[PDB]
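Asker: So that we are looking at the same thing, I have put the structure below in structure tokens.
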Amino acid sequence: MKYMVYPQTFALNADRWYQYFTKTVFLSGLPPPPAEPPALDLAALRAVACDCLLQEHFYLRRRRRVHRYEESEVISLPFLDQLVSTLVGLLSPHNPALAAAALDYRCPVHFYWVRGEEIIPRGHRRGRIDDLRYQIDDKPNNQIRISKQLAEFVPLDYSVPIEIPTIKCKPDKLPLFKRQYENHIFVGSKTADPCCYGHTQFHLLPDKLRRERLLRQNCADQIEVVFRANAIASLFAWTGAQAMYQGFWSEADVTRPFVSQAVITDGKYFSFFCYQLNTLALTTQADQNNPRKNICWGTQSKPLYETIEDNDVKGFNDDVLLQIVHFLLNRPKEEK
Amino acid sequence: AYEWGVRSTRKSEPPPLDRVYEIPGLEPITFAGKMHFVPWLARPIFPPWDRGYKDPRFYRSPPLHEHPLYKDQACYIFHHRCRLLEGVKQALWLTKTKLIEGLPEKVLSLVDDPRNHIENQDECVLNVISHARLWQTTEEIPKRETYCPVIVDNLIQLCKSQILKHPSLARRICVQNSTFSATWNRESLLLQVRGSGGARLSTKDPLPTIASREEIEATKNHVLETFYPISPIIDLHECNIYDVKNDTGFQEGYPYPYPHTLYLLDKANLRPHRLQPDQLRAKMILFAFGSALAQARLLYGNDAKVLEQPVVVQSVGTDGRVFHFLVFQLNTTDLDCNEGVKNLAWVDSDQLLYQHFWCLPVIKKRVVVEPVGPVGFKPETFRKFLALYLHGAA
Amino acid sequence: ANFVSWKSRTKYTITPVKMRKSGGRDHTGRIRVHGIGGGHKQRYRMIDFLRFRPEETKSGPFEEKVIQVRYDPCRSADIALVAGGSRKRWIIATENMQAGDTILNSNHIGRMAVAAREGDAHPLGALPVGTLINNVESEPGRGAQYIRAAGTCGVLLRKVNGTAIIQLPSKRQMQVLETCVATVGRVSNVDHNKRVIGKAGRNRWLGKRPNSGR
Amino acid sequence: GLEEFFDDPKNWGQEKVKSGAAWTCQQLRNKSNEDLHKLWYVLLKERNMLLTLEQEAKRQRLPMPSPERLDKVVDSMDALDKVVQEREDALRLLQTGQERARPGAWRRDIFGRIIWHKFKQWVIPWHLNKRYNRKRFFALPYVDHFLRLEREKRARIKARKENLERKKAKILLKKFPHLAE
Amino acid sequence: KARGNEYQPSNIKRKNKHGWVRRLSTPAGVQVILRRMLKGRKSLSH
Amino acid sequence: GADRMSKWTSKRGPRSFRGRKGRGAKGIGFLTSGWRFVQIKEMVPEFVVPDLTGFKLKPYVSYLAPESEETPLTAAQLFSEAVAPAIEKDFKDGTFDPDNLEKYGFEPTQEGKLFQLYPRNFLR
Amino acid sequence: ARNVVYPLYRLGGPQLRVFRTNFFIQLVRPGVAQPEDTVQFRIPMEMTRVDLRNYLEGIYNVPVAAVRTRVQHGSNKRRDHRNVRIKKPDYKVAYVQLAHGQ
RNA sequence: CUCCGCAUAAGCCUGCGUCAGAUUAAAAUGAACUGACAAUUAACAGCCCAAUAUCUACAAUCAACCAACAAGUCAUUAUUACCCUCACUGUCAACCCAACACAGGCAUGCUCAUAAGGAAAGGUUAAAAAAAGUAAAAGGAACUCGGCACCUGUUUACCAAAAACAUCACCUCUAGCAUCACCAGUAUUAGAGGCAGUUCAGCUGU
RNA sequence: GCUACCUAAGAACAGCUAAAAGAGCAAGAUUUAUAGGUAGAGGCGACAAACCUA
RNA sequence: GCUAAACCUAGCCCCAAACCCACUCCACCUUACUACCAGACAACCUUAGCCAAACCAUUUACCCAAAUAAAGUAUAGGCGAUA
Ligand SMILES: [K+]
Ligand SMILES: [Mg+2]
Ligand SMILES: [Mg+2]
Ligand SMILES: [Mg+2]
Ligand SMILES: [Mg+2]
Ligand SMILES: [Mg+2]
Ligand SMILES: [Mg+2]
Ligand SMILES: [Mg+2]
Ligand SMILES: [Mg+2]
Ligand SMILES: [Mg+2]
């Protein structure tokens with residue numbers, strides 16, 4: 001029996017609980033720029049971004065009526081697919097790694113890990129020690145897998161004063177439920193695939209977590225929590241699976257950081273996250289005197305656009321678009 | 001003549017009415033006042049009940065003839081699920097087109113030189129096959145409903161890496177969920193083609209005309225082959241409620257109005273649900289013809305004339321392992337009569353990317369007879385796939 | 001739940017229809033015919049026995065092309081998918097019926113005996129005297145109920161005063177009107193009888209369970 | 001706020017909490033409908049607080065302070081319902097002359113008993129209601145004998161009770177002879 | 001080899017076989033309910 | 001072996017039984033395709049809570065209160081206090097006529113009213 | 001409200017309103033450890049979580065973020081002196097999470 | 001020691017959680033009995049869907065090649081109608097049907113020897129008889145009812161034999177037809193009947 | 001809810017010769033979960049005159 | 001000396017007399033006690049065997065409106081039993 005961890009969750013303040021399960025410290029902003037001692041056609045990237053935003057909303061003729069409860073799967077989902085599929089092509093000249101990268105569409109990502117212990121409260125097994133097991137079954141809208149690892153954002157032994165949140169009750173109160181089924185460690189493709197490293201992941205929040213619904217449920221403060229919880233869980237699962245694809249596990253911790261990036265949007269508001277996996281030693285034994293922490297960087301959600309009227313996009317934010325480009329321009333450092 | 005539907009399964013006939021109804025001037029006492037049935041009173045006759053308002057979940061539609069779009073003349077609609085009995089031969093007659101085996105010299109020439117081939121093309125193509133047939137999911141053996149879409153998407157992504165060499169490739173996008181509609185008459189038969197499914201490769205510029213005027217005129221000698229006693233409209237949806245409208249699929253101002261290529265997937269796990277090779281090619285011709293006709297009617301109006309500037313549309317059809325390639329030129333919109341100029345279609349068929357794939361090693365007497373991976377890979381097929389993609393940008 | 005017959009479809013189609021086995025029981029749930037039970041699952045193909053059935057708008061004789069000839073689990077004879085105009089249907093296949101062949105269905109009686117062509121359907125009166133026929137109907141337009149099994153064929157002995165005398169496969173004379181359509185030739189699978197079941201297990205596959213009288 | 005569910009912090013721990021009398025029907029009858037509507041929620045919040053205290057007392061295995069407060073609050077809310085129901089009842093009689101708010105009818109059931117059948121609300125007429133028609137609001141002749149047995153069973157019980165009462169009266173006279181009257 | 005284990009509990013079977021709706025479905029079943037009502041059974045049916 | 005006496009509830013039976021049976025809560029919507037539940041705002045009961053600020057009545061009544069006789073309200077008493085005065089004045093002035101019962105608050109029918117007395121269409 | 005017929009709603013009809021709700025709830029101490037923002041209640045069987053959120057917000061002006069409910073089975077094991085089962089009543093438990101970080 | 005174990009389904013219904021007990025097991029800590037208190041929180045699962053017409057020949061088996069027969073779980077379109085949202089219920093346990101020396105029964109997934117789950121000995125003595133196991137001189141079945149080594153399918157028995165029944169083939173018998181079985185079949189069909197290894201060598205507490 | 005037969009829609013079956021698939025050693029006339037049907041003048045029965053909650 | 005013993009009520013029986021029953025709210029014919037969708041299923045038809053004839057084969061009883069008497073009479077019946 002293990003806990004089903006849902007990256008896209010309705011649980012209040014889920015990000016704080018997910019930080020404990022993954023031993024992740026969350027910092028505001030993005031990672032420090034990579035120290036370093038073919039111009040970017042911003043006008044062509046803005047045009048392509050608006051040609052995908054307007055194709056789904058306006059130009060494309062729909063045979064049937066699109067209801068409010070289908071917009072996320074009928075308009076938002078196809079838009080994200082084209083936006084990623086086109087930017088990667090346009091940015092391939094600037095980033096050679098993109099030309100050989102693997103682009104996935106709604107492929108599953110699985111990570112199974114043990115964190116902490118519990119005393120069985122009831123039954124014939126009462127009193128015995130049992131490991132707390134967790135499983136993440138994620139399905140990012142799009143994700144880019146490369147064959148060469150990206151560079152770290154900070155050193156492996158990087159430390160911060162921020163403490164990792166704790167919980168005073170059982171994880172079940174999040175709420176979290178237990179189920180027993182196949183334990184999968186999956187990066188989006190089998191181990192035989194040479195593209196076993198993660199570049200960027202694109203997540204579309206489900207309609208159930210839409211900003212409008214959260215506002216009318218007295219959960220305005222939870223708008224950012226949903227974004228953070230999605231990033232922490234998904235990127236931890238992705239980087240953790242990547243590290244376990246290289247033979248690392250709780251008793252043989254990673255000897256180098258495993259980083260990945262995520263873009264989390266609801267179709268209009270975008271958030272950008274960076275995650276560095278520094279340790280897999282999360283069991284009570286392996287984590288006894290482990291100083292390493294996992295780090296996640298994130299920004300506050302910003303609207304890509306304000307409104308769409310007919311064939312005109314009003315309020316396009318180039319800052320949000322450029323941030324998407326910056327994530328897609330990150331490349332694995334070449335050797336001497 | 002044997003009638004279908006046994007009596008025991010048909011609704012029981014109404015019970016014999018009480019004889020008090022027969023007697024004139026007598027009002028049968030019924031249980032309607034009680035609001036429930038009793039066996040000792042006569043059954044009431046209830047007037048037809050109407051809800052009196054609209055309730056979507058309990059809506060009833062009017063009789064078919066009363067529908068506003070009902071027409072006395074039937075229209076035969078070809079859609080993604082239509083399977084033609086005569087296959088390509090029926091498609092050639094329906095579209096008034098002449099078939100040429102193989103692809104055009106201009107298209108193939110693009111891939112003739114090595115400078116256009118992708119680096120490690122065979123190694124890259126082999127990885128795409130292994131990813132879609134083996135690595136993509138946790139399942140041991142991925143099914144056609146998953147690998148067939150993935151293999152085509154990845155192949156398009158592989159061909160999309162040539163934007164570095166050819167900057168014109170930046171002016172094309174791949175559109176999902178687009179639908180087009182074209183209506184035309186053949187020998188007084190009203191025909192329609194409603195296109196849906198697959199991927200539409202759109203470009204900002206029209207494709208060059210494959211055939212010169214001299215070849216276009218040579219088509220007059222060609223006589224459309226006929227099949228008797230099978231109708232040209234067999235296996236088409238005979239519709240009486242329809243709208244005779246032409247739709248390219250996008251509203252005015254779409255930056256990518258020209259359909260460069262149509263990708264059609266036969267992603268059905270069960271073999272009966274899968275189209276036959278010839279039937280799939282017939283769907284490619286009609287969809288390619290439908291997209292071209294929608295463009296011609298848009299630019300040149302609803303008139304039925306030989307086009308001064310023909311429209312070229314390409315189509316690729318596959319079930320994940322077998323690929324079919326098509327280049328269609330819409331020379332004429334005057335389709336009502338068989339005689340005259342005819343459309344040209346270049347078709348390359350039964351092109352195998354790989355003969356077989358082994359997801360698990362074949363072991364006989366504890367010896368690895370066959371290793372996992374593509375079997376009988378034929379890189380020539382991908383060159384034809386690359387040639388169609390490069391066409392118009394190289 | 002009480003027995004409900006699967007034979008409820010009211011509209012003809014060539015799509016195989018899912019069947020429900022009876023197990024030898026009638027609607028009361030009691031065994032009526034013994035030795036019936038189990039077997040392989042079978043789908044029903046609606047066989048059209050009124051060979052001369054023109055399309056709704058069209059009338060008069062018409063032709064059909066044999067798209068396919070295939071095995072039928074619901075009968076001993078083989079069946080043929082025939083396409084004419086815009087309509088397809090299942091018919092019984094003759095001994096030499098083959099894919100691609102064209103067959104004719106006519107309801108016209110010529111002044112003399114028209115040439116006998118296997119797989120065609122003409123009125124008994126039109127058929128030459130002394131020709132092998134199959135799928136004969138008792139009454140005009142009733143539909144073929146006789147000589148429908150594999151390899152069976154009746155002969156048209158004589159035509160007298162608007163009626164035809166035919167010999168059924170059991171060597172019994174039958175008299176029907178001359179406007180009764182029939183099919184020229186023997187039914188397919190002439191070698192049906194030759195086949196040996198061989199194994200008791202095969203009987204179970206055919207849906208025939210043990211039947212012990214005493 | 002959430003503190004409304006608990007008593008005045010001063011009262012916590014006190015053995016008793018002095019409270020006034022419960023509202024009587026006559027006192028409430030003088031009040032207006034708008035006042036009764038406001039009094040209901042005043043009583044409702046008090047009832048929830050007392051119900052909360054009652055449960056916590058069980059959890060703490062201690063006696064509830066001043067338990068009669070809950071009895072008084074339930075009495076007042078019951079009186080408020082009666083006063084408001086009487087106003088609606090009287091108004092219904094004047095405008096419609098209907099004794100009951102909910103329509104119904106006397107019916108026989110499948111067992112032969114006579115029952116008052118309360119009507120339910122439906123979107124379709126009864127003759128088209130598949131589930132409603134399955135109900136049988138009549139009894140067949142085979143029910144007649146069981147009705148007689150049920151009636152005779154009732155008569156036997158009634159006869160025994162009346163006989164017992166007369167016997168008790170004779171026992172009473174035996175012990176108290178002056179009661180002869 | 002097992003003995004006395006004829007009962008293989010199934011709620012669907014128990015309701016369908018002996019349920020209230022089953023008893024009312026026929027006149028004999030209705031009389032079953034009537035007899036139990038007369039006897040004063042606490043449970044008229046399953 | 002089955003327990004006949006115990007109350008039948010949604011906890012008992014197989015998965016189909018447990019899902020179908022409820023605990024008496026009123027439905028607030030319907031199920032669409034894909035077992036998606038659509039909640040109808042109007043079906044959800046709206047609590048009408050008044051403003052209790054500056055409200056003098058409290059949960060209890062002071063014991064120093066004159067006990068009074070209990071007189072349940074009746075239709076006649078309501079008529080004499082709410083409808084009789086208006087008719088009495090009009091009768092003296094001769095304006096009163098039977099045809100105009102509605103002037104004094106009589107409702108010929110309940111149809112078209114938001115709150116209909118019979119059949120009652122409003123919650124307590 | 002409980003033990004009262006609900007007026008049937010037709011598409012496009014007026015809002016359903018309850019002027020004097022007869023729902024009474026108990027705030028209870030959690031038997032186990034709960035999050036700081038979680039409040040536990042015992043409510044009637046007929047009260048839905050939607051009712052409880054409106055009930056608390058409307059009557060007590062308590063901002064409610066999330067509400068979850070469950071049906072606690074009451075033991076039927078106890079037997080009286082007549083060997084007749086004694087039923088501890090089933091009750092519904094609600095878990096309310098306060099909004100605005102309260 | 002492991003014979004399992006964990007989970008789901010089905011069944012069961014609070015049935016070893018806290019507190020208390022004068023109740024209970026061989027046991028005046030334990031407690032599955034009694035009293036009080038607490039508890040299982042949905043994402044898993046259940047609970048689904050507007051109408052009318054129309055569409056649906058091509059198995060599965062790594063589905064590719066070579067093959068078949070018992071012939072197969074998996075599909076629509078047209079027009080009309082439709083703007084809304086996350087309710088309700090299952091969620092505990094050492095558990096069920098039994099038998100009252102587990103005598104036994106019990107679907108599915110995973111683990112394939114366990115990371116999970118368990119204790120054959122109340123103490124002693126070491127008589128007979130009895131049960132099981134192990135070892136056994138020489139011999140090696142001696143003395144004992146009897147050692148060990150016209151096709152197919154069920155049955156009692158079991159190494160089994162035998163017979164019985166079923167059944168392929170075979171044979172006769174009845175039947176010229178459709179809308180509830182036979183059969184959505186049609187005499188190459190359907191139904192009802194009949195079918196006529198020892199010895200030796202070798203090993204064993206027999 | 002046992003059992004016999006049947007219906008609907010499911011499920012299970014390691015290795016070894018392995019052509020042939022077969023109770024060969026150890027994929028079938030096999031086993032098995034669920035729901036339903038046949039009721040005592042009866043049902044069901046590869047028929048023991050057996051079984052149909054002793 | 002233990003185990004126990006002892007008790008007088010609970011009610012019940014037979015008559016008489018009188019023709020009984022039952023809509024707080026809510027739920028309940030679907031898997032009863034389940035707020036909320038186009039029904040259609042509809043009831044009526046000799047009681048039988050058997051107390052006995054010492055078997056059994058026709059044959060005997062259970063109701064139709066006043067206690068008594070006519071009268072166990074007329075009468076029926078393997079003219080037997082018996083009615
Ligand atoms: K239990
Ligand atoms: Mg729940
Ligand atoms: Mg779900
Ligand atoms: Mg559990
Ligand atoms: Mg252990
Ligand atoms: Mg022991
Ligand atoms: Mg001992
Ligand atoms: Mg020896
Ligand atoms: Mg001897
Ligand atoms: Mg020897």
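For the structure tokens, the naming scheme is as follows: chains receive sequential letters (A, B, ...) according to their order of presentation, residues are indexed from 1 within each chain, and ligands are indexed from 1 in presentation order.
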Residues of chain E in helix (DSSP H, G or I) according to DSSP, as a ChimeraX atom specification?
Answerer: /E:11-18,20-25,27-39
Asker: Do you know which residues are within 10 Å of ligand 4 using only C-alpha atoms (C1' of nucleotides) and all ligand atoms? Can you write them as a ChimeraX atom specification?
Answerer: /A:1,177-179 /H:7,40,91-93
Asker: Write out as a list in words each polymer residue whose atoms come within 12 Å of residue C:75, counting only C-alpha atoms (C1' of nucleotides); drop sequence neighbours fewer than 6 positions from it.
Answerer: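 After dropping sequence-adjacent residues, the list is residues 42, 43, 44, 45, 46, 47, 91, 92, 93, 148, 149, 150, 151, 187, 188, 189, 192 and 206 of chain C; 71, 183, 184, 185, 186, 188 and 189 of chain H.
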Asker: With only C-alpha atoms as the basis for distance, which of F:82, F:31, F:44, F:38 is at the shortest distance from chain G?
Answerer: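 Among F:82, F:31, F:44, F:38, it is F:44 that comes nearest to chain G.
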Asker: Select all residues from chain I having any atom no more than 10 Å from an atom of chain E (counting only C-alpha atoms (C1' of nucleotides), ignoring ligands), output as a PDB file with N, CA and C atoms (P, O5', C5', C4', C3', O3' and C1' of nucleotides), in the first residue's frame.
Answerer:
ATOM      1  P     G I   1     -29.034 -20.680  -7.852  1.00  0.00           P
ATOM      2  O5'   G I   1     -28.941 -20.330  -6.303  1.00  0.00           O
ATOM      3  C5'   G I   1     -28.305 -21.217  -5.392  1.00  0.00           C
ATOM      4  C4'   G I   1     -26.922 -20.742  -5.034  1.00  0.00           C
ATOM      5  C3'   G I   1     -26.261 -21.502  -3.890  1.00  0.00           C
ATOM      6  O3'   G I   1     -24.847 -21.560  -4.090  1.00  0.00           O
ATOM      7  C1'   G I   1     -26.495 -19.231  -3.290  1.00  0.00           C
ATOM      8  P     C I   2     -24.222 -22.557  -5.185  1.00  0.00           P
ATOM      9  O5'   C I   2     -23.567 -23.730  -4.330  1.00  0.00           O
ATOM     10  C5'   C I   2     -24.029 -24.033  -3.024  1.00  0.00           C
ATOM     11  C4'   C I   2     -24.084 -25.520  -2.774  1.00  0.00           C
ATOM     12  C3'   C I   2     -23.869 -26.417  -3.986  1.00  0.00           C
ATOM     13  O3'   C I   2     -22.498 -26.620  -4.282  1.00  0.00           O
ATOM     14  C1'   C I   2     -25.768 -27.152  -2.776  1.00  0.00           C
ATOM     15  P     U I   3     -21.993 -26.697  -5.805  1.00  0.00           P
ATOM     16  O5'   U I   3     -22.813 -27.907  -6.435  1.00  0.00           O
ATOM     17  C5'   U I   3     -22.595 -29.245  -6.008  1.00  0.00           C
ATOM     18  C4'   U I   3     -23.631 -30.184  -6.576  1.00  0.00           C
ATOM     19  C3'   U I   3     -23.823 -30.140  -8.084  1.00  0.00           C
ATOM     20  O3'   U I   3     -22.843 -30.876  -8.798  1.00  0.00           O
ATOM     21  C1'   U I   3     -25.930 -30.074  -7.029  1.00  0.00           C
ATOM     22  P     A I  35     -23.789 -13.521  -7.998  1.00  0.00           P
ATOM     23  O5'   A I  35     -24.881 -13.310  -9.136  1.00  0.00           O
ATOM     24  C5'   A I  35     -25.380 -12.014  -9.426  1.00  0.00           C
ATOM     25  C4'   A I  35     -26.079 -11.957 -10.761  1.00  0.00           C
ATOM     26  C3'   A I  35     -27.210 -12.947 -10.983  1.00  0.00           C
ATOM     27  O3'   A I  35     -28.420 -12.601 -10.335  1.00  0.00           O
ATOM     28  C1'   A I  35     -25.830 -12.932 -12.879  1.00  0.00           C
ATOM     29  P     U I  53     -32.708 -29.710  -2.632  1.00  0.00           P
ATOM     30  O5'   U I  53     -31.623 -29.239  -1.571  1.00  0.00           O
ATOM     31  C5'   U I  53     -30.348 -29.868  -1.510  1.00  0.00           C
ATOM     32  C4'   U I  53     -29.490 -29.275  -0.426  1.00  0.00           C
ATOM     33  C3'   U I  53     -30.175 -29.131   0.929  1.00  0.00           C
ATOM     34  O3'   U I  53     -29.211 -29.289   1.968  1.00  0.00           O
ATOM     35  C1'   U I  53     -29.552 -26.998   0.138  1.00  0.00           C
ATOM     36  P     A I  54     -29.488 -30.294   3.192  1.00  0.00           P
ATOM     37  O5'   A I  54     -29.417 -31.746   2.541  1.00  0.00           O
ATOM     38  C5'   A I  54     -28.335 -32.628   2.828  1.00  0.00           C
ATOM     39  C4'   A I  54     -28.510 -33.323   4.160  1.00  0.00           C
ATOM     40  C3'   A I  54     -28.915 -34.795   4.089  1.00  0.00           C
ATOM     41  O3'   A I  54     -28.334 -35.506   5.181  1.00  0.00           O
ATOM     42  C1'   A I  54     -30.585 -33.574   5.235  1.00  0.00           C
TER      43        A I  54
END
Asker: Using only C-alpha atoms (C1' of nucleotides) and all ligand atoms, which residues have at least one atom no more than 8 Å from ligand 5? Output them as a PyMOL selection string.
Answerer: chain H and resi 116-118
Asker: Using only C-alpha atoms, I'd like every residue of chain F that has an atom within 12 Å of chain B; please write them out as a PyMOL selection string.
Answerer: chain F and resi 30-33
Asker: Let me have all residues with an atom within 8 Å of ligand 6, counting only C-alpha atoms (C1' of nucleotides) and all ligand atoms, laid out as a list in words.
Answerer: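 Counting only C-alpha atoms (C1' of nucleotides) and all ligand atoms, the residues within 8 Å of ligand 6 come out as residues 119, 120 and 121 of chain H.
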Asker: Write a file of the just-selected residues containing N, CA, C and O atoms (P, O5', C5', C4', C3', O3' and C1' of nucleotides), as a PDB file, in the first residue's frame.
Answerer:
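Generated file (part08.pdb):
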ATOM      1  P     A H 119       1.871 -17.511  15.988  1.00  0.00           P
ATOM      2  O5'   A H 119       2.745 -18.824  16.192  1.00  0.00           O
ATOM      3  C5'   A H 119       2.414 -20.036  15.526  1.00  0.00           C
ATOM      4  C4'   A H 119       3.326 -21.161  15.938  1.00  0.00           C
ATOM      5  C3'   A H 119       3.352 -21.450  17.436  1.00  0.00           C
ATOM      6  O3'   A H 119       3.538 -22.847  17.658  1.00  0.00           O
ATOM      7  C1'   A H 119       5.510 -20.761  16.719  1.00  0.00           C
ATOM      8  P     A H 120       2.282 -23.847  17.603  1.00  0.00           P
ATOM      9  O5'   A H 120       2.822 -25.084  16.757  1.00  0.00           O
ATOM     10  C5'   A H 120       2.143 -26.331  16.740  1.00  0.00           C
ATOM     11  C4'   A H 120       3.122 -27.475  16.834  1.00  0.00           C
ATOM     12  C3'   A H 120       3.844 -27.597  18.167  1.00  0.00           C
ATOM     13  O3'   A H 120       3.109 -28.367  19.104  1.00  0.00           O
ATOM     14  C1'   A H 120       5.428 -27.610  16.406  1.00  0.00           C
ATOM     15  P     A H 121       2.836 -27.818  20.587  1.00  0.00           P
ATOM     16  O5'   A H 121       4.130 -28.261  21.397  1.00  0.00           O
ATOM     17  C5'   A H 121       4.090 -29.313  22.350  1.00  0.00           C
ATOM     18  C4'   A H 121       5.202 -29.150  23.352  1.00  0.00           C
ATOM     19  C3'   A H 121       5.150 -27.863  24.166  1.00  0.00           C
ATOM     20  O3'   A H 121       4.337 -27.975  25.321  1.00  0.00           O
ATOM     21  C1'   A H 121       7.301 -28.106  23.218  1.00  0.00           C
TER      22        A H 121
END
